[PDB]
Every structure is written in structure tokens, then in C-alpha cells.
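Just so it is clear, none of the values below were taken in a lab; they were calculated from the coordinates. Quick reminder, even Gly has a Cβ in these numbers, built from the backbone with ideal geometry, and neighbours come from all protein chains shown.
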Amino acid sequence: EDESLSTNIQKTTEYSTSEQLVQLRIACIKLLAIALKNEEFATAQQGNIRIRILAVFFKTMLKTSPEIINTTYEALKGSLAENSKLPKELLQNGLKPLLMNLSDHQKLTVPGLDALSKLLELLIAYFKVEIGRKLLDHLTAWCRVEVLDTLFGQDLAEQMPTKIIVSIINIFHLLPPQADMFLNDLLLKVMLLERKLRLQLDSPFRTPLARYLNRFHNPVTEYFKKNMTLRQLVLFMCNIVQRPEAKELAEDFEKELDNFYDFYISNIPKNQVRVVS
């Protein structure tokens, strides 16, 4: 009910003006991106006028509509080719409400984490990899027992904690490539969450974990070779590799079958009680 209109108010009309408003917002975003792609037309005019619309581009990554999010992500990835150091103040104001939403609030949203991923496809302002610790803290606080007791009795694809956990696992894919000490914790937590929901087939959060695993995919082969006595890890990895979102983890396994052969052949006579496994 503010200055977007002249005579067509929005407190008595729904879906007749909201779609037109969304199309108007994405059209203005496309026009600003096309104008910003032109040199000396919006770049060197008035000094900081591209900063004034990059603040708009960071302010529009909090709308709940995914279409506006995808459009402004296309605008950012088309407009940040002409990057500069001079943006240093709006980064402490653009991605700041989302990172403050990420804190000890315990009520995260799905398009908020979607916009967090779309902003997380950059490499600046989160050089400290401590976002993963808060993400695992929120993941452990979303896979509790009391919230999973609300999951009892219904399905597992229309529930809000399932979508939140899927988004949390999904934004582990775009983390900075440091020494991922959150590999073992994340893998054990997803396997314990699958065992606690007692599902032994395809699960909702195996596709974001496959997108996490095929990205690094060098230490996960050694983590797999260090744990082959676990039946559930073998079933989990054999279901992950067949997914089309793990096209490079598949060829990482095809050149290591003989190591698996020598492992199982040399480890049969040590036990001789779990040979069928």
C-alpha cells in the first residue's frame, strides 16, 4: 500500500495485480541489467550510480517469489563480469540481513536459503568458513526428535522441515573449497536421518548430497575406501553414483574397482563371519 501505484491499490485485489507487479519488477531488473552492461552509459555516470542499483539488486534477493530470484541472479551473473573493488560498503548491507537470518533464529525459510545459495555462488565476504558450522548446528536443530515426531504419520515431500533440510544440504554445495571437515559429519548425519525415518530407498535429501559429493569427490573416495565394512554406506554410495547429478563421481569409482577387490579379498579371512556382506 505504498508508492508503486496511482489509482489501483493493493489491499482488496489478490493475484490480479501481484503477477503484474512481479512482471514489472523483473522487467525493470532486466532493463537495469541491460543498461549496466553498456559502458559509459551507467558505469561512469555520477560516480556511484551503479552502486545505487547494485543495492537494489541485493535488496531484491529477499522476495519470496523464485522468479524474481532467478531473474536477479541472472542480472548479477551478467553484471558482475565488470567487477570492481569499490563495492565494499553495500556488501555489509546487501547480504547482511540474510546472514543475520542465518543466525540463532531457528526459523529459516526456503526462498531465503535459495537467495542465500544464489548469493553464495560468489567468492567474497564469506572467506571465513564458519557458515558451515552454523549450518550444521541448524541442521542438527532441524533433525531433532520432537520435530521428526510431527513428521510421523504423513508423507515426506510436502512437509516444511523436509524442504528446509533439503535446502540446508543444498547450500553445502556452494561452500568455499577449503579442507572440508564437514564431510564426515554431514554424511553421518544424513545417513542417521535416513535411518531414523526408517527409509531404505530413495530419499528427498539424496540429490543435494549427491551434488555436494561430486563437487569435491577426491576425499570422498578415500573416505569410502576407509569405510567399506558398513553396509549402509555401500548402499548409500551405490544409490548416489547412479544419479545424473554425480557424473564425475561415477568415473572416480570406475578406476578404483580393483582396490575394492583387493580390500574385500584380503579382508574376508580376517573375520569370516560377515563374508556375505
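Note on the chain: with a GNM built from Cα contacts shorter than 10 Å, the maximum mean-square fluctuation among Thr60, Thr72, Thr229 falls on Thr229. Placing dummy labels 7 Å off each Cα toward the beta-carbon, the span from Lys255 to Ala81 is 3.3 nm.
Remark: the stretch 86-96, residue by residue, has Karplus-estimated 3J(HN,Hα) of 3, x, 9, 9, 6, 5, 7, 10, x, 8, 6 Hz, where x stands for each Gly or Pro and the curve is 6.51 cos²θ - 1.76 cosθ + 1.60 at θ = phi - 60°. At the listed q of 0.07, 0.12, 0.16 Å⁻¹, the Debye profile of the chain, built from one uniform point per Cα, gives log10 I(q)/I(0) equal to -0.36, -0.91, -1.30. With neighbour counts taken as other beta-carbon atoms within 10 Å, the residues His105, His173, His217 rank, fewest first, as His105, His217, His173. Amide H contacts of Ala125: none lie under 5 Å away among residues 5 or more positions distant or on a separate chain (H built 1.01 Å from N in the peptide plane; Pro and chain starts excluded).
Placing +1 on the Cβ of every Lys and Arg and -1 on the Cβ of every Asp and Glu, with no other charges, gives the chain a dipole of roughly 500 debye about its Cα centre.
Each residue, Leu21 and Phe263, gets one label point 7 Å from its Cα in the Cβ direction; the gap between the two is 5.5 nm.
Among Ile268, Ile26, the ranking by other beta carbons within 10 Å of each residue's beta carbon, starting with the fewest, stands as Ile268, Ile26.
With R₀ set to 25 Å, the beta-carbon distance separating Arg144 from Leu235 gives a calculated FRET efficiency near 0.50.
Of the residues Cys238, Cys143, the one with the fewest other Cβ atoms within 10 Å heads the list, and the complete ranking is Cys238, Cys143. Given 20 °C and 1.002 mPa s, how large is the Stokes-Einstein diffusion coefficient of the stretch 1-71 in µm²/s, with Rh as the Kirkwood radius over Cα pairs? For these conditions, the coefficient is 155 µm²/s.
Of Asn170, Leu230, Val273, which is farthest on the positive side of the dipole of the stretch 149-274, counting Cα position, with +1 on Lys and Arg Cβ, -1 on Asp and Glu Cβ, and the Cα centre as origin? Farthest towards the positive end: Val273.
Amide H contacts for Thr60 (H built 1.01 Å from N in the peptide plane; partners 5 or more residues away or on another chain; cut-off under 5 Å): none found.
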